[PDB]
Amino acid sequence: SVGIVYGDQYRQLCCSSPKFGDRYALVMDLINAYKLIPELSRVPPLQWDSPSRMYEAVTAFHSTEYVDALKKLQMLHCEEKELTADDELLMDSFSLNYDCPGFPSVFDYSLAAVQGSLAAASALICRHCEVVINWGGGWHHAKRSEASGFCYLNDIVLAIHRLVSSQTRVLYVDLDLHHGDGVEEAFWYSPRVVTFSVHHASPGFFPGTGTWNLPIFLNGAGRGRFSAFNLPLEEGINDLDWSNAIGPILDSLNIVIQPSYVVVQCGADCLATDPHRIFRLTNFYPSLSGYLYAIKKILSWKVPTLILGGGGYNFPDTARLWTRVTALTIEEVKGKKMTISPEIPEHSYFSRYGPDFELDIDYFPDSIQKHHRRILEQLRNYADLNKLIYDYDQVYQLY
């Protein structure tokens, strides 16, 4: 079955942040308005037996002192008094400032995403679900002891850690507009978790990594050498060119790695209508949405898959995309046609989809060959280092 993470308190917490507001409510209510919820298995967020057990789970990646600081930041923001100078310095030492500010629910908000993605991994591990969706997760920038890019706790790293510890190999695919640096870093030294981010990169663009570093392309270290893959793309790319750019890479990674699990971050900020206005992807499902192309390809592998959210700052259009991803996942996994009306159905958030109230977003639509050569060589290097068996020419012919 296809699972999806939600719940009443989960929804409230996922809607409690200043940056993402009620986006999660729009997403889930649009899925509900399209009558998809009866087709999906509800996966409840993980809850713990004690504070100690919760800390044990979160500090499988994050440092104790960072988790302590994140909890204190929440406590301080539930009081009226300003922070002391010492507490400002403490928060600064963990980058709990600027684009990762405090707010009254910052710890509960960030922990909720972890609860959802851990429960999603568990539902895959016990084979209750073949795919699980968590549109409240995907916070790929958070580091062991540092908040980054409004990511406070890295739910992805923790879910992947649960999957590998369940030989197990995980393929991580990051479709967000931004480089998946936190996940890449967490598994930099591990050959068992292969990470692949496609993203925009350019001078001064956040977070700065996932591209040439004379410049060299770093790709992992130690026994994780060659295990971190990146495809940086110039601005303006459309559905077809993005699809042709990542399609052969995805198929090649699946053939060589033969993953036990796939984890996909599906940040919606590549949409042409995202306020970043960098890429020109759509949610169209006949030009075919690059997102839907990638998800369909990944699901064709019949590997247990975790699908996560991430960025996406046009909330109605993020809901438009992720509703289409959710329907596609049902169709591909269950073989059951999901007919989705081109008009937004009436529901509590209907007014957010004006003026036209349609499901399609409102949009009128060499370098990559060099990257393909580089990535194919890295994959050969990864397979050689890890003594993996594979037909080099069947993979080469994909490109």
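In case it trips you up, residue 1 is the first one in the sequence shown, and so on.
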Among the other entries of this protein that were compared (only those with both neighbours built), does residue 214 lack coordinates in at least a third?
yes
Cross-entry absence of residue 287, a third or more of other PDB entries
yes
Between residue 286 and residue 287, the number of deposited residues left without coordinates comes to 10 or more
Absent coordinates between residue 166 and residue 167 - deposited residues affected, binned into four classes:
4 to 9
So which stretch wins on mean C-alpha B-factor, 216-224 or 305-313?
216-224
With B-factors read from the PDB entry, the higher C-alpha mean of 116-124 and 79-87 is in 79-87
Among 66, 48, 61, 357, where is the Cα B factor highest in this entry?
357
What's the residue among 70, 54, 27, 368 with the greatest CA temperature factor in the PDB record?
368
Is the Cα B-factor recorded for residue 279 in the lowest, middle or highest third of its chain?
middle
Modelled-residue ranking by C-alpha temperature factor, third containing residue 4
middle
Classify residue 203 as lowest, middle or highest third according to the C-alpha B-factor given in the PDB entry, relative to its own chain.
lowest
Among the modelled residues of this chain, does the Cα B factor of residue 383 put it in the lowest, middle or highest third?
highest
Ranking every modelled residue in this chain by its Cα temperature factor as given in the entry, which third contains residue 145?
lowest
